[PDB]
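The next block holds one structure in the form of structure tokens; read it before the comments.
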DNA sequence: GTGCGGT
DNA sequence: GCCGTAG
DNA sequence: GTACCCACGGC
DNA sequence: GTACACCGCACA
Ligand SMILES: O=C(O)c1cn(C2CC2)c2cc(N3CCNCC3)c(F)cc2c1=O
Ligand SMILES: O=C(O)c1cn(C2CC2)c2cc(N3CCNCC3)c(F)cc2c1=O
Ligand SMILES: [Mn+2]
Ligand SMILES: [Mn+2]
Ligand SMILES: [Mn+2]
Ligand SMILES: [Mn+2]
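Chains as they are written, first to last, in PDB author numbering: chain D, 417 to 544, 581 to 639, 1010 to 1491; chain B, 417 to 545, 580 to 637, 1010 to 1491.
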């Protein structure tokens, strides 16, 4: 791993802790060959304030640094054997780079605290993006070159203060770490604390607001918007043909999302499972996993492409219904949020683990979710207990069962709640006084065979009894189906209701609805959830109708001047011929006909065949049809209750085209 | 990594060897746990024919199979002890799988031959030439290939004791010649030896034309061609900014080349190393490896575009210059050969290992190379040694020196020769009567690092005396420069003369100039190569000229149609007004103006803009000059010799523009 | 024991 | 201990 | 082209 | 994220 230096007298030495490997062997040619040692960390390291001392003492990066430090840790730290008087921490200049920073610091205050004081702790000044993508000496000259390199020694100033920060930030009290976050939510020396409060604040945020949280409008995280905008743009629409995966990842990684390949493929892969997603936004072709936890074949071996329902996610996008922004480097654009013409958030659900928070939303039945909004339009002052009159509860893709209106009903209420999910099981008598236990629908997010290696574990472990055999017989002809053989005399129902206890045959969805609303992290309710979506349904379908307006009048102006042109044809054709530079002609048609630049230019673009019979006539046939569209579009605008209908019209056309009954059963009791 | 059936009874039990990891995983999921137990193969196996036992045994894919079956190797063999009674070999309908299928066959015959006799050794028949096993679902893998209902298998029959041993020997044998020969000669139950022949052969063939064998005409292998083709389709010519490596490959792979991004990358990557390619065919961004032998960066982190010199490989390609082929899936088109407006093969070099053969080709200096072409183009009866007044021999990007003319000399005569690559070390003074050797240039293809290490390995191992320090001091200024101290008052030149014959300071280039000629593996001497090249160019300029002409012949024609109307215009204006459709309007213009169907449209489709003064003379000015062009072309076509000097000039301008000094120094005595 | 496109 | 996007 | 670490939060 | 191991030649 490490690459060491010739000078074995620490003084003229120093080690660089450099983020990745891509940037690690770059640095392995920029670096001086006799005064500069490199230690490539292989990825985000252990937290030393979360895990106890036997763990710390193990994660390889953690060990690897100790020896390579020489000083020895804890209370054996002889800062004398200190191999380096200048240890540089050269983390990428991204968020996961300041984030890797805090993690090394947390290790260098509790385990080499004298080191910080000593005067060896450093922070190279990488030029701003990305680390890896630099040359070997492009790495020497800005960062490892003493002649030109900008560094940072970490002054531990007030140990009383730091001692208190380091616990809040990397401590086990998630809730402390949030309170700070929420409060600071604005949208040649370096003090160790002056570092953390920023180097973690930026990360805490960007993770919350540009990683692990699904917007409230499209119900989408970024890595998803960017996979569904790219299917969009690359025009791999459902009527067309599957593209290989690594080609869309190729496209998406390039343009919008500078991150690992793995993160993007496995992400679009989920969007592609009839069991993961309630309403799959991807057409998977090729091996795409299975319920046993198996993973889609590698991105080079599969194909995807939009789904019919995905269009509704991006329908009317090009009519200016949402704001585009430059991408990451400013060479491309991307949607800030897609149209989401259909209740996507609650429909498909969500799960993500943040920094301060985490979110968990269940998948609900679209049809149910629609009436919900439908009713929700006709009454801004509606009660959840009523919204729930249209929305029985979530509906998992795994069907399965749900217990009580009660676990369900609090979630929606207050925002957080607990739902007990349970498998579809049946007892059936095999005669001769015998029994057997046949699950056909496990719960949602429940790895099939690991529930079975889980019952396998019990039976061989004599922790539960009276089961003779355990077969998976599941066929893509029967649906899920776990047959459990029961012994004679021994009671099965017993063995059933103990398999709910002891195994995932019964599991619980921890509803906790933190979605990104108005830009920030937010716990919300069923009412709130649809309200802010219905809002984005008003705020799309409106902005469109106005673009159609604009796009409408714009054409009827060009037409106006066009008909005038066909009506005084004979003079127009000579006022051109008798004009040399078309700059002059544009100057004629205007004065003589009371016309406008955009109009006289247009005429000067008219093709001879636009003068035949139909083509002439067709033309004015287009005009009188536009003015119905125009007044209408304005009718639509000058009466809320109309635009509002369009919304209901459309939200209902959807519910009639894609709606599907319920799979999950809500059992009352 | 074998997922064994619950079943413990051979008569019903059948193992599966699958092509990939992925293939394997789908198989494992669409398989019957009851009776179908699957052992996947990670890539390639071992040749138990070419390799000897200590080595076979210590190998994995064999042992893995050995335990699986649970029978025994060679004499230990016992038909009863066998876990399974169907051993199914599942590789895909791709040559590479054809050959793997012939690699496992090897095993079963050399070690479990008796096993074959019982009929346990089976072959699986996936759908033909559709795709990689891995593409299909697990359900798609069961329904066509594994389900006993609709599955077709080939039972391997050992027909003749006598011929089988020899055949296996020949195809998988140590002796190259007999495999080279067999190939060339050939240029339910299944007969195993007719199967080892065809599927091996079917494979061996692809690996030549469409694998690791440069074309004579463009110098390019399928893999590079393919990268350079698409570079030019994406349109990232040197003038355009870099665009990530991931996008590029994902693309070449998703339009042309069905293989490992890893293989595509490090191939594309080479093209971009100024020390790899005499004239780099790419222009990278970030870490693209370096001399001492560090691989390149991760295709995520890098960017890439053509060189200005690559522009000339794809000059005039969309001008009907060379035939087009359909891509592996028939969903896109690709060039069968890049136009190569410069002699790439002998320029950049090339060196792969095929089947029964292998090419190895040096680099030369473009300037030299062109001059030889011009002179040979001039004297098509020119003596080889007359070509050497122009072409003195190779020229490695690394530079260096060569040792003697008969070395180069017989290389260019029989296709093959041995060329002495030394280095340029200088001896000089370090101070105090103490000396030093200094090496500033290494043999091409020599790895600077492994050269330095493998010198210590001879001092430490006291196999070379008087060496008292050796650093490698290569910076960007020094370029290459390695220092070797000589214990003063000791003959530095006697060491240097030994380090030469001991290590990689001096290396043998074993030239075997083979490359696809008239579509087959040929051996060509300097001339043929130049000729084959030369003829390509003669056959390109002509076709371009053929195309530049039907394009002018076609545009003059129209330039007229317009003129015509532009003159007799008011009546033109009338014919159309007085007409109801373009149909009549045409058919009217066509006859009552003598206008061609073609010219008629050209007017029907003419904007008013061209009624003015200028626009009527921009036509005029354009029409006349198209006559002076067709003049030229009709001149260049109608003569074997102008077509021949257009080439000479056109190449005489490349050399003029991209041509450079010699770096490798040619010494004798 | 090594170059290069392949599983 | 695992739900999922990032080193 | 897959194996083997980490964070981050809730239950 | 490097480790990991194989076909295929020819020539030291
Ligand atoms: O595309 C590639 O570069 C590789 C692909 N594969 C798998 C075959 C597709 C590899 C597999 C390797 N192993 C699997 C077989 N036994 C262990 C080693 C390997 F070492 C390297 C590679 C590649 O470089
Ligand atoms: O992009 C990714 O999925 C990964 C990237 N990296 C490095 C950051 C690029 C990893 C590094 C890992 N390590 C394994 C050995 N011990 C610590 C580092 C790892 F297990 C997984 C990954 C990835 O999955
Ligand atoms: Mn980064
Ligand atoms: Mn990963
Ligand atoms: Mn294949
Ligand atoms: Mn590889």
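Ideal Cβ placement from N, Cα and C applies to all residues, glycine included.
Selected residue, minimal CA-CA separation from residue i, among the options
| i | options | result |
| --- | --- | --- |
| residue 1479 of chain B | B:512, B:1225, B:1189 | B:1189 |
| residue 1430 of chain B | D:1397, D:1467, D:1099, D:1475 | D:1397 |
| residue 1500 of chain D | D:1456, D:1348, D:1257, D:1297 | Missing from the structure shown is residue 1500 of chain D; chain D here goes from 417 to 1491 and no further. |
| residue 1393 of chain D | D:1089, D:1414, D:510, D:1379 | D:1414 |
| residue 1203 of chain B | B:1405, B:1373, B:1349, B:1408 | B:1349 |
| residue 629 of chain B | B:616, B:1192, B:1373, B:1454 | B:616 |
| residue 1041 of chain B | B:1426, B:461, B:1160, B:422 | B:1160 |
| residue 534 of chain D | D:605, D:1087, D:1372 | D:605 |
| residue 497 of chain D | D:528, D:475, D:520, D:1371 | D:528 |
| residue 1088 of chain D | D:1119, D:591, D:1065 | D:1119 |
| residue 1440 of chain D | D:1470, D:1381, D:1400, D:1456 | D:1381 |
| residue 381 of chain D | D:1490, D:470, D:1473, D:1368 | Residue 381 of chain D is absent from the model: chain D starts at 417 and stops at 1491. |
| residue 607 of chain D | D:639, D:1090, D:591, D:1013 | D:1013 |
| residue 1074 of chain D | D:1048, D:1183, D:1302 | D:1048 |
Cross-strand partners of residue i (DSSP beta bridge)
| i | result |
| --- | --- |
| residue 1127 of chain B | B:1105 |
| residue 1337 of chain D | D:1344 |
| residue 1182 of chain D | D:1173, D:1334 |
| residue 1013 of chain B | B:607 |
| residue 538 of chain D | D:504, D:605 |
| residue 1147 of chain B | B:1156 |
Buried/exposed call for residue i, threshold 16 Cβ in 10 Å
| i | result |
| --- | --- |
| residue 1460 of chain D | exposed |
| residue 447 of chain D | buried |
| residue 1123 of chain D | buried |
| residue 492 of chain B | exposed |
| residue 502 of chain B | buried |
| residue 441 of chain B | buried |
| residue 435 of chain D | buried |
| residue 398 of chain B | With chain B covering only 417 through 1491, there is no way to say anything about residue 398 of chain B. |
| residue 1217 of chain D | buried |
| residue 418 of chain D | exposed |
| residue 1134 of chain B | buried |
| residue 580 of chain B | exposed |
| residue 1342 of chain D | exposed |
| residue 1163 of chain D | buried |
| residue 1446 of chain D | exposed |
| residue 1039 of chain D | buried |
- Task: Counting only runs of 4+ residues fully inside the stretch 1283-1324 of chain D, write out the alpha helix (DSSP H) ranges in chain order.
- Result: Counting whole runs of 4 or more residues, the stretch 1283-1324 of chain D contains the alpha helix (DSSP H) stretches 1314-1324.
- If you measure from each residue's Cβ to the nearest non-hydrogen atom of ligand 2, which ones come out under 5 angstroms, in chain order? Those residues are D:458, D:459, D:1082, D:1084, given in chain order.
- Pick out the complete alpha helix (DSSP H) segments inside the stretch 1191-1245 of chain B, 4 residues or longer, and give them in chain order. Complete alpha helix (DSSP H) runs here, min 4: 1227-1231, 1233-1236.
- Message: Runs of 3 residues minimum, wholly inside the stretch 497-527 of chain B: which ones carry the beta strand (DSSP E) assignment?
- Response: DSSP runs (the beta strand (DSSP E)) wholly in the stretch 497-527 of chain B: 502-506.
- Query: What alpha helix (DSSP H) runs, 4 residues minimum, are completely inside the stretch 1058-1100 of chain D?
  - Reply: Inside the stretch 1058-1100 of chain D, DSSP marks whole alpha helix (DSSP H) runs of 4 or more residues at positions 1067-1077, 1083-1092, from first to last along the chain.
- Among all residues, which have a Cβ less than 7 angstroms from at least one non-hydrogen atom of ligand 5, and in what chain order do they fall? This criterion selects B:435, B:508, B:510, B:512, B:513, B:582.
- Could I get the ranges of all uninterrupted beta strand (DSSP E) runs contained in the stretch 1337-1407 of chain B, with 3 residues as the minimum, in chain order? DSSP assignment within the stretch 1337-1407 of chain B yields the following whole beta strand (DSSP E) runs of 3 residues or more, N-terminal first: 1342-1345.
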